[PDB]
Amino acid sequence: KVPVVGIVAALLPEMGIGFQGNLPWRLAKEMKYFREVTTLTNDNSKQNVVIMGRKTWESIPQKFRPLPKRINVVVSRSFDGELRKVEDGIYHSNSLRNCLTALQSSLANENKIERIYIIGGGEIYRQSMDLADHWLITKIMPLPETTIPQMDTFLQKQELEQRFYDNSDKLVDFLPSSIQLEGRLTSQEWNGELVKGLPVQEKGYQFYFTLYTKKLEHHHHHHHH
């Protein structure tokens, strides 16, 4: 019942997302978007979940984790069970898939989770293409005189474009109501590809907030008893 949304910032055209265990850039306006989207809810009695891999957890500055006002879930194969409270605001899971099933139980969550955000990293995102209902992707482009940063971790763009379509026309309506964005919806060609979303510029980069949604599926089978 709860939507599952991957959220990621990726550098075009390869969709690079990391280098040596960290982000390849430091963009406050992008972090602000990430913070506001994952924190805010339409219903004030609910919170969102943020699920992340162990390495991504380790990348967040210690003074800023667990991420405030969101239920944090860290997944590691060395953890105990599918969903265990380990500290205030922190759950541990040994399974991305089982943790999502556990988080979907209305008995366990009392319908007080609005959305489940998958917040990284590379290995987690690879496993999330068949799990997410949507992707919020910030598409980042170095401006003309900007050096392309070195990167060693990438979003699976092939799998994304196979399963999802660019639904950025509906981004504004998809985001929590109280969020405010500066830019207006724009379509721009960049190194061949069509980039559509809400634009921002910061330091040496231009970036677009985009929304990807699952493509329509044929009706092949519905389980009957």
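Numbering starts at 1 and follows the sequence shown.
Look at the mean CA B-factor for 130 to 138 and for 100 to 108 in the entry; the higher one is 100 to 108. For the segment pair 53 to 61 and 186 to 194, the entry gives 186 to 194 the higher mean B-factor, averaged over Cα atoms. Comparing the C-alpha B-factors of 155, 90, 83, 116 in the entry, the top value falls on 83. Between the residues 37, 31, 181, 160, the entry's highest C-alpha temperature factor is the one at 181.
Among all modelled residues in this chain, the alpha-carbon of residue 149 has a temperature factor (C-alpha) in the middle third.
Ranked by Cα temperature factor within the chain, residue 94 sits in the middle third according to the deposited record. Placement of the Cα temperature factor of residue 69 within the chain: middle third of the modelled residues, per the deposited record.
Ranked by C-alpha B-factor against the other modelled residues of its chain, residue 44 falls in the highest third.
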